[PDB]
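J.: this one's experimental. Sequence and coordinates below.
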Amino acid sequence: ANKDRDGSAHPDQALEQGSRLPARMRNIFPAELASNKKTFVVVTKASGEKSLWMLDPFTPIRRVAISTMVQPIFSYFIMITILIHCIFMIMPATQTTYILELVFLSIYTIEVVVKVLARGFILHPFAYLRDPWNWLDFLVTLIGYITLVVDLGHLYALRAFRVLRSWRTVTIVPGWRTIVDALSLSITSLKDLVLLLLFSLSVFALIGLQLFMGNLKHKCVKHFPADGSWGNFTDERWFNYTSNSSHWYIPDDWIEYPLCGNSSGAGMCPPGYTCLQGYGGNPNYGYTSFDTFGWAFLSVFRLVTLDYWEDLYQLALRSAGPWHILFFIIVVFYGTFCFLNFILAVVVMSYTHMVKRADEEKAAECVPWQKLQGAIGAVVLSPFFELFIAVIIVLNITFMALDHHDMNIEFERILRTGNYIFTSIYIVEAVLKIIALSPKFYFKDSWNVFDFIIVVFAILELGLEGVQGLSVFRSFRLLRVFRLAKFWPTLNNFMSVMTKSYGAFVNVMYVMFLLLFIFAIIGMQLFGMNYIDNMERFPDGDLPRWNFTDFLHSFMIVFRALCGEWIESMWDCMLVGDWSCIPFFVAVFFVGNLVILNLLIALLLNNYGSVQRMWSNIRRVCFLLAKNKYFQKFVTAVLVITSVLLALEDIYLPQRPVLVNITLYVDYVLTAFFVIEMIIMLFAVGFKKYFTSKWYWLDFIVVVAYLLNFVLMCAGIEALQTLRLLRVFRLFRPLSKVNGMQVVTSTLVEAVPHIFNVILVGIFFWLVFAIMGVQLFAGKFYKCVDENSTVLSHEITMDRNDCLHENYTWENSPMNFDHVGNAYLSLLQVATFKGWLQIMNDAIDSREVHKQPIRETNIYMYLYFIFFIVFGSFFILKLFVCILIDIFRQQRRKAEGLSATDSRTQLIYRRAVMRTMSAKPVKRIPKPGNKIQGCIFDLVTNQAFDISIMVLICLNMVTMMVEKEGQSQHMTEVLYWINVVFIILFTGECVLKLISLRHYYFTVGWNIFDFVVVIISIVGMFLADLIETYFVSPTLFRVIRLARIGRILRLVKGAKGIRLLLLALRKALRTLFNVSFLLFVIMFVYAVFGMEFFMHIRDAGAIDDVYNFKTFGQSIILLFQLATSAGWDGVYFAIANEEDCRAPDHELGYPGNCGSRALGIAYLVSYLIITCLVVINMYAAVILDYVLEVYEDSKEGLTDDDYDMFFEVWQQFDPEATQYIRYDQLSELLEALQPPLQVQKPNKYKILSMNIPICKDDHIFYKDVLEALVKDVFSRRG
Ligand SMILES: C[C@@H]1CC[C@]2(OC1)O[C@@H]1[C@@H](O)[C@H]3[C@H]4CC[C@@H]5C[C@H](O[C@@H]6O[C@H](CO)[C@@H](O[C@@H]7O[C@@H](CO)[C@@H](O)[C@H](O[C@H]8OC[C@@H](O)[C@H](O)[C@@H]8O)[C@@H]7O[C@H]7O[C@@H](CO)[C@H](O)[C@@H](O[C@@H]8O[C@H](CO)[C@H](O)[C@@H](O)[C@@H]8O)[C@@H]7O)[C@H](O)[C@H]6O)[C@@H](O)C[C@]5(C)[C@H]4CC[C@@]3(C)[C@H]1[C@@H]2C
Ligand SMILES: *[C@@H]1O[C@H](CO)[C@@H](O)[C@H](O[C@@H]2O[C@H](CO)[C@@H](O)[C@H](O[C@@H]3O[C@H](CO[C@@H]4O[C@H](CO)[C@@H](O)[C@H](O)[C@@H]4O)[C@@H](O)[C@H](O[C@@H]4O[C@H](CO)[C@@H](O)[C@H](O)[C@@H]4O)[C@@H]3O)[C@H]2NC(C)=O)[C@H]1NC(C)=O
Ligand SMILES: CC(C)CCC[C@@H](C)[C@H]1CC[C@H]2[C@@H]3CC=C4C[C@@H](OC(=O)CCC(=O)O)CC[C@]4(C)[C@@H]3CC[C@]12C
Ligand SMILES: *[C@@H]1O[C@H](CO)[C@@H](O[C@@H]2O[C@H](CO)[C@@H](O)[C@H](O)[C@H]2NC(C)=O)[C@H](O)[C@H]1NC(C)=O
Ligand SMILES: *[C@@H]1O[C@H](CO)[C@@H](O[C@@H]2O[C@H](CO)[C@@H](O)[C@H](O)[C@H]2NC(C)=O)[C@H](O)[C@H]1NC(C)=O
Ligand SMILES: *[C@@H]1O[C@H](CO)[C@@H](O)[C@H](O)[C@H]1NC(C)=O
Ligand SMILES: *[C@@H]1O[C@H](CO)[C@@H](O)[C@H](O)[C@H]1NC(C)=O
Ligand SMILES: *[C@@H]1O[C@H](CO)[C@@H](O)[C@H](O)[C@H]1NC(C)=O
């Protein structure tokens, strides 16, 4: 439609496009319309469409107006002034800077007056401004105006929103258009799933409001008033007593009250108190309870977004009882592992659709001197020397990464002389290679300059510390390590593929930093002041470590909200300002993580992807038995049933004295069974085809283990435990043959060799960061602490000597940077966002060795963790997902037939043509037997009845959103008697529909679901009499009624996008189930191996007599939490303690009570890889592969709807029985369909065109017509 404006409609005015001004006019003042400097613009082609048809350029001021409109320097002047304006904005206040702000305000007004006067009188300021840049540059300056003629008139909440001028600068760095519009399209498409997200959060909050209505208030109160002192009343004064807070139970120096509950297996708080309900107070200042709708919405959004959820988990389970985890699973599997990936799918799709246009457009275009020169040349490029220098730089990397903290003098001199030797050989062989060849081709390789640079640095480091320069170049000494890039092929490829496609990364990083800069300034101006005026509602009257007071702290808190954690800062904000802290943080999370970080993942994904007789007879008979189905079912069943029994080996096994005997008998018969079946199959398959096979080696290892364990009776030594648990692993062999677990195991076992390569590259980069973290922080982190765990401030203990003066102990903090090992550990803590606060605090405060740290100095050393986290967590750990998506796609394809040589486009046509086998039509039987009884259906099928019902659903869903704890007595009865009206109306309506069309009621799924739901409602309304004849317990009446919630999810019916996404989710369910199955078997293995190592532990950190490893149930209660790497710092600090232990005695009542450290490090770091990074991402891979396919099927091919909405015609366009037509109505049949499968009425020549085989005289079968239409629409669109 470009010719429309390139025509007599409303002509152009002028253009520049690089040094030529061809003006367009009213055609009666023609000048420069050719298309000598201009006919080269043709050559330049071999832009400002002004749209000013309002009035005339008659050489008024409008001339110079246009002349300055498009100009090389105007926009540049504006942009430089914006940059300097914001860099003044960064510093809070200054006297008389006010008048400067007046200049910076009045530049923009001349900028807008010229840009407007050059474009009309008033009329087109109504038509053409639809480009939003002008909207921005207009609204913000009008805000600047209104702020200046009110004189601080109690409105400082909008003087901040001027900073979003600076977005205008995103267009200064090249290659910026193919990213911005990507965000635009992603938002414009993400709307559709926003709707479903909203509805689903709502129904989950409604479910949670029923099960947990006001039990997070439970407290522990002393038994009775007393027998004595408090009096004699034992009546209403009782209520005066049990409300005086000062005898609720707080252990010591806490500020939260522990929760009790009195179900089975939770709380039971002291002996001497009792667990009372409903005495004021909620955890976290009163922002957590489920006791009304809004707070339930907040907590369920907190669960879905997967942020600091271990707190709510532990609270809810402490209160109600462990079975309640059957709730959390449902909101995690559906909301976080299966819904927050619809967003990833949408963003990836939009980005890969916007990159294609751009890239296709780009792709559419002394003589012995030289004698010994040859000699040394022979002795330089010889392959000896590359080997030699590679080995020497490896030994250099080794000698530059020891650096203990104390480091005895021998290490000192050793490392010194080593550095000397290494710099010497570097310099000498570099210079002799200089004199070996090419005194000037040398600087012509773009790779040897690096060596000269590092040599210069080594030399100057040798010098200026030989003089009194303190820390001159030992930092740049690190740069050796990157020289190890000529030798690895993997690392060389990883480097090249980024170094020669790099505009995208720069642009994305710039957008990211600019966005959170904008947010930081808005914050510093908006909340700001409230942290100093009030300043005392906090616990101990002092600014928390994270606050909006200076620019730096503000930047940091918005960054911390971007990386994933946004809730623990919302409480503080909302504690000093009543509201307007919720939209801010929810927005900075939503346009933060979920959009930009998903855009980054969408960018690493298209750049990095005679007795012999009976000898033979026995062989034959074992061969015959070994393959019978029943024997295989038997062995599988015996494995499963002897494995499940391995669970109930918990604490107080001895107190059940019969179990020990039965389990010993079981393991005896087990070792017999194993050794027998090995003989059987060993005669069966044959020797040499039994050791080279992978699976059978598992059986060999387990049988040799059971053998070595059995013979340990002649020695009388008791059977060692860790061997008799190797039984679990055989459980992996049958698992691999469930119908639909070929894809998952095949893709894992093919993905492994890439996982390992990425692990290696990550090890390398983290080494580069750690051997610097050591020299920056090693030796600090010490602190002087009293008998308690508190730090003497600054003057009671200035440095170490004073700390040892009066016996104040001199403690160390656990996570520190002494070795290189602890560096890896603490960095793995920083880069998974768990327990990364104490490290940053102690790293901020480190002043200098042997001296007490000050509360906040050395603050600029945040920049270490930011540059580490951008290059170690948004870039590497997000690369594991980008190798399971590709591999899963390839494996599904190559495992469902469908040969892999068809180029991604004819597969759509294939699925379309394949869809044409389930095409049976049908007709509704019209009308019942006699008139009035049948006169009911005549309207039940109408556009104003189901719509007249789908409002009752919404009204009912509102009347369930009012309940709250503390309802006055009258309210509950009116709600009760208002439910019955609906519960009878629904069944009345359903029975009318059913008695209308007498039979045939069950040909649709929705009718079946409605019938089931309504009978469930009508029986649940009665069974609400759970009182007076059955156990009167809250946690059963509170669940039996949930049935009423079923009749509201009927609301999703009818919307087409909210049906397309659900079709996508349903088309991939067996595979998703199988992935969850594998995750649970892994959790079972780890639970069993845990119940043995970590059963007796000293309570510390995060092990609180309800979340220990003692029994099986609590073991899974803990491991389901650790599966998402939520709170592993506490569990690690608890199981890896090795101080005061009371080591076992092996003499009487054998205790444990300390654990260890080796298999503490080796038990978690191998559970944050098998689970947190390799399976939880397979969820995303599967659902992304299915959603992307259903979209690209809808937008181009034929959707699942088109066929049945085609069938609507021919459903009530011909009768039921015969599937035939006689060629006449056929014609205007193509006038009763819809644009996808139809052509307009001039079709008789096309009906002549297509060859639909006329069958019997005048019967036309349908598949012919429909196939013709399918290939016709594929011909028209393509
Ligand atoms: C491939 C990788 C990628 C990642 C990346 O690496 C490569 O890794 C690097 C990361 O790790 C980053 C940082 C590391 C290197 C830089 C370190 C630099 O430290 C500076 O220097 C001091 C650290 O030694 C600190 O300030 C000192 O604080 C005390 C020491 O603990 C004082 O003792 C001292 O004063 C002077 O003592 C004598 C001299 O020998 C010293 O030279 C020093 O100058 C200074 O104090 C000064 O600094 C402030 C805080 O102390 C106060 O304003 C004030 O201090 C007080 O004033 C008194 C007199 O004035 C006296 O000093 C002292 O008693 C008082 O405390 C004073 O002005 C403070 O850290 C800062 O100054 C800091 O800035 C961050 C930095 C730039 C960052 C730039 C480079 C990175 C981003 C990263 C780099 C891309
Ligand atoms: C298990 O968890 C339950 C829910 O989570 C929880 O209800 C239950 O807590 C307590 O269990 C004990 C059982 O030992 C039970 O006694 C407690 O309830 C009693 O409530 C009485 C109500 O008195 C009211 O007083 C107000 C004053 O305004 C009045 O208006 C009311 O009409 C009502 O009378 C208390 O009076 C009572 O105190 C006792 O009352 C006895 C009767 O006279 C008397 O003989 C005693 O000496 C004493 O005076 C109890 O508080 C129950 N808590 C509540 C809130 O009901 C918990 N149980 C266990 C075992 O864990
Ligand atoms: C996902 C599918 C394919 C696997 C089916 C089993 C699982 C869903 C797991 C995870 C949640 C588990 C349940 C959570 C609740 C309970 C009760 C609890 O066990 C107790 O000891 C309860 C205490 C008591 O009531 O005496 C902890 C484990 C257990 C048995 C369950 C163990 C097995 C479950 C059903
Ligand atoms: C328990 O009863 C006592 C007296 O019956 C209450 O003490 C009174 O508390 C009010 C609170 O404002 C004071 O104004 C009165 O002066 C107090 N009485 C006397 C005699 O001084 C006590 O408040 C009751 N318990 C609770 C929790 O309110
Ligand atoms: C909660 O109990 C404490 C302890 O009895 C009460 O403290 C008493 O306060 C009154 C005056 O306020 C004194 O006369 C008593 O001597 C105090 N008791 C003791 C043991 O010293 C406290 O007042 C109670 N809470 C409320 C709200 O009254
Ligand atoms: C408590 O009240 C009862 C009510 O009759 C009274 O008999 C009793 O003496 C009172 N308690 C004391 C210690 O006097
Ligand atoms: C630890 O704190 C307590 C207060 O809870 C106080 O007795 C003292 O400061 C410390 N205790 C001891 C025994 O020193
Ligand atoms: C602190 O103790 C060290 C011990 O080596 C000593 O050398 C130093 O002089 C002492 N300084 C002060 C101020 O006590």
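T.: Sure thing, it's come through. Residues are numbered from 1 along each chain as shown. Ligands and ions are numbered 1, 2, ... in the order given.

J.: is residue 248 in a bridge, and if so with what?
T.: In this entry, residue 248 is beta-bridged to residue 221, by DSSP bridges.

J.: can you name the residue of this structure nearest ligand 2?
T.: residue 262 (3.5 Å; C-beta to the nearest ligand atom). For the C-beta atoms, the positions are set from N, CA and C on the backbone; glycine is no exception.

J.: contacts only, for the residue of the chain found nearest ligand 3.
T.: Nearest to ligand 3, among the residues of the chain, is residue 1113, at 2.8 Å (C-beta to the nearest ligand atom). By C-beta atoms under 8 Å, 6 or more residues apart in numbering, the contact set of residue 1113 is residue 322.

J.: any idea which element it lies in?
T.: For residue 1113, the host element (DSSP states H and E) is helix 1112-1122.

J.: now do the buried residues in that helix.
T.: Across helix 1112-1122, burial judged by 16 or more other C-beta atoms under 10 Å covers 1112, 1114, 1115, 1116, 1117, 1118, 1119, 1120, 1121, 1122.

J.: how about the nearest residue to the last one, chain neighbours excluded?
T.: Nearest residue to residue 1122 in three dimensions, chain neighbours excluded: residue 1128, at 5.8 Å (C-beta to C-beta, 6 or more residues apart in numbering).

J.: quickly note the distance from that neighbour to ligand 7.
T.: For residue 1128, the distance to ligand 7 equals 30 Å [C-beta to the nearest ligand atom, to the nearest Å].

J.: next: residue 448.
T.: As defined by C-beta to the nearest ligand atom, residue 448 lies at a distance of 64 Å from ligand 7.

J.: return the distance of whichever helix or strand comes after the helix holding residue 1113 from the chain's centre.
T.: Next in sequence after helix 1112-1122, counting helices and strands by DSSP H and E, comes helix 1128-1135. Computed by C-alpha atoms, centre = their mean, to the nearest Å, the chain-centroid distance of helix 1128-1135 equals 23 Å.

J.: do stretch 1270-1278 as well
T.: On the basis of C-alpha atoms, centre = their mean, stretch 1270-1278 sits 40 Å off its chain's mean C-alpha point.

J.: what's next to it, contact-wise?
T.: Residues outside stretch 1270-1278 that contact it (C-beta under 8 Å, 6+ apart): 909, 912, 913, 916, 1196, 1198, 1236, 1237, 1239, 1250.

J.: reformat those residues as CSV; add distance to residue 496, neighbour count and secondary structure.
T.: What follows is the contacts of stretch 1270-1278, written out as CSV (distance: C-beta to C-beta, whole Å; neighbours: other C-beta atoms under 10 Å; DSSP: H, G, I helix; E, B strand; the rest coil):
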residue, distance to residue 496, neighbour count, secondary structure
909, 38, 17, helix
912, 41, 21, helix
913, 43, 14, helix
916, 48, 14, coil
1196, 35, 15, coil
1198, 43, 23, coil
1236, 46, 14, helix
1237, 49, 18, helix
1239, 52, 16, coil
1250, 54, 14, coil
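
J.: show me which residues of stretch 197-211 are buried.
T.: Residues 197, 199-211 are the ones in stretch 197-211 that count as buried (16+ other C-beta under 10 Å).

J.: my bad, should have said stretch 514-532
T.: So, applying 16+ other C-beta under 10 Å, buried residues of stretch 514-532: 515-528, 530-531.

J.: in helices, which of these appear?
T.: Counted as lying in helices by DSSP state H, out of those, are 515-526, 530-531.

J.: turn these into CSV, including distance to residue 499.
T.: Output for these, formatted as CSV (distance: C-beta to C-beta, whole Å):
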residue, distance to residue 499
515, 26
516, 27
517, 27
518, 30
519, 31
520, 31
521, 34
522, 36
523, 36
524, 37
525, 40
526, 41
530, 47
531, 45
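
J.: sorry, back to before: for the residue nearest to residue 1122, give me its contacts.
T.: Residue 1128 neighbours (C-beta under 8 Å, 6+ apart): 834, 1122, 1164, 1168.

J.: chain neighbours aside, what residue packs nearest to the first one?
T.: If you skip the residues right next to it in sequence, residue 834 has residue 1129 as its closest partner in space, 5.2 Å away by C-beta to C-beta, 6+ apart.

J.: burial of the one you found, as a residue count?
T.: 20 (other C-beta atoms under 10 Å).

J.: again with residue 917
T.: Neighbour count of residue 917, defined by other C-beta under 10 Å: 8.

J.: how about it, secondary structure?
T.: In three-state terms, and counting by DSSP: H, G, I helix; E, B strand; the rest coil, residue 917 is coil.

J.: which helices and strands does the helix or strand harbouring residue 432 pack with?
T.: Per DSSP H and E: residue 432 is located in helix 409-434. Using 3 or more C-beta pairs under 8 Å, 6 or more residues apart in numbering; DSSP states H and E, the elements in contact with helix 409-434 are helix 383-399, helix 449-466.

J.: many thanks, I have nothing further to ask.
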